[PDB]
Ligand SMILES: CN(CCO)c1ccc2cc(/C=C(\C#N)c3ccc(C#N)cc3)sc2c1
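First, one chain by itself: the form deposited without the named molecule, in structure tokens.
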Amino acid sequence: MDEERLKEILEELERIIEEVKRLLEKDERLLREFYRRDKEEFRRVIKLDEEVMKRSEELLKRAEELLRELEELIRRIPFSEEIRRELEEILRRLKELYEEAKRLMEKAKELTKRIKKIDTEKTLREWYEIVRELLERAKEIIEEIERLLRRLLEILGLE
């Protein structure tokens, strides 16, 4: 059925967003650990950060695929006009949020690529300042996504 698949898609999207939030939190922990402290230490934290970034891009790719399938399913289901309107407002907001997240990850990837070419506290701390702000914004986007997914489940009566 379609609403069963709707339920599956939404609960999978929740799981994916919770995995991205854990990865962001693990990245913030490791970066805080490094900056409270050597060449190889910075090499390792750069590698771990890149690993977290690659994982997060995979998960965002899967979530975009799922969001497309969700939109198609909601189009096919004969919802009442009011409910269709409510769903469409949330999905519009979710697309805006996924676009903010994709731009943020692109900016983080460029910043990490640039920092990899330098050997050198101020230079690495300025890099850390930028990544701190990017991570904080990403966490906020993720939390808003969690909330809107819960809202979709409530609007549909799937709670």
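Start at 1 with the first residue shown and count on from there.
Same protein, other form: the form deposited with the named molecule bound, not shown, and the subject of what follows.
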| item | value |
| --- | --- |
| Heavy atom distance at most 4.5 Å to the named molecule in the deposited bound form, all of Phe79, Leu87 and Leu153 | no |
| 4.5 Å heavy atom contact, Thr123 and the named molecule in the deposited bound form | no |
| Contact test in the deposited bound form: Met105 vs the named molecule, heavy atoms, 4.5 Å | yes |
| The named molecule contact at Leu10 in the deposited bound form, heavy atom, 4.5 Å | no |
| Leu148: touches the named molecule in the deposited bound form, heavy atom cutoff 4.5 angstroms | no |
